[PDB]
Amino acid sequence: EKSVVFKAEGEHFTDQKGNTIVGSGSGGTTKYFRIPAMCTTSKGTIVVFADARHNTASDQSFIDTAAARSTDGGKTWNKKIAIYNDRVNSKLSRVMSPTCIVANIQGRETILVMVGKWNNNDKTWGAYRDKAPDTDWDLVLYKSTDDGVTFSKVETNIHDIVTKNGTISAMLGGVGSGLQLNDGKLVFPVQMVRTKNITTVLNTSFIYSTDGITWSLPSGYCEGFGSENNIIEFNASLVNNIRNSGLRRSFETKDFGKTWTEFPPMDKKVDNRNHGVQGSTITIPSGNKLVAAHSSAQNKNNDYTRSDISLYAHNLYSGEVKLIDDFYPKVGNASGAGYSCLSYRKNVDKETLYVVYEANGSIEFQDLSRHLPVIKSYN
């Protein structure tokens, strides 16, 4: 009814030289996985990224970005490390929080994946506000043009545009998936930690590009809330959907990121309760209309266990919301739980809706395509 993408205490990765990575799971396995991100290509291939937390579930720990690839509809997976941390600090070196896009970049189908990178910081990234930007931080971008088989680093100007801004201590993708606009523009939702002198600690925004190499920041900022967020393209707006303790928040920009205003069809429509949680938000066509599909946790215990990871439909015209499927109807592991990522595709006449999510330190996959008629009708 499901498959395991990455098995907690059940995977063995190799490093760049081909030596095994001895984690703290049983038998020297990778201990824990978090923060899944997925896409589906024009060939039907599914690629899933996650934080491979070799030693512990903690955010401040030794982490590589794993990638899993399935060509059989999610039944079986081939796995590797896509992005290695710098191996400065055996406790703390890390790459974190993947956000991915599958896109047509000047004719070439490309998977992009963006992760934050730290080495010696022993605290959460929001603690580091003294510098513009933090010297321990980077935001790195990798690509594949071979359907997810190989990844290579992309040289970008992302660090430069953050430095030039001068009011950002660190930036990170919004977690899960970014998007390619109908005109071809690449867009990553972002989270930013502002420098200490800015009265808002966190903001949301996006970065955009034509070629995947040269990126830009818009001039405005959206309120941060819990900062993890996704963007959809709708009706001549970019619309975000942001983590927040309690009710999720959604804003729209009609001027390509200069200004943001509340988006009534999604704002305050789903409750994640205490702490909030990352959620995934995408669009799915229905005729010449769109529906938003959204995944996040109901959090019945009002805590970090983030129970009941659920799929919702948002009617973008009426503002109705309904629960489609509580696809992980379980209490999570409070060491780190609740995150998810959706992926919709129509290849020829075959429509697929997939999800990956956190399940007790593992990453699981489900094919949710049977729900498509219900979601599409919600317009």
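Position 1 is the first residue in the sequence shown; the rest follow in order.
Higher mean CA B-factor, judged across 192-200 and 151-159 from the recorded values: 192-200. As recorded in the PDB entry, 283-291 is the stretch of 226-234 and 283-291 with the greater mean C-alpha temperature factor. Across the residues 89, 305, 253, 205, the deposited record lists the maximum Cα B factor for 89. Highest CA B-factor among the listed residues (109, 267, 136, 130): 130. The entry lists a Cα temperature factor for residue 33 that places it in the lowest third of the chain's modelled residues. In the PDB entry, residue 327 places in the middle third of its chain by CA B-factor. Among all modelled residues in this chain, the alpha-carbon of residue 185 has a temperature factor (C-alpha) in the middle third.
Ranked by Cα temperature factor within the chain, residue 14 sits in the highest third according to the deposited record.
Compared with the other modelled residues of the chain, the Cα B-factor recorded for residue 311 ranks in the lowest third.
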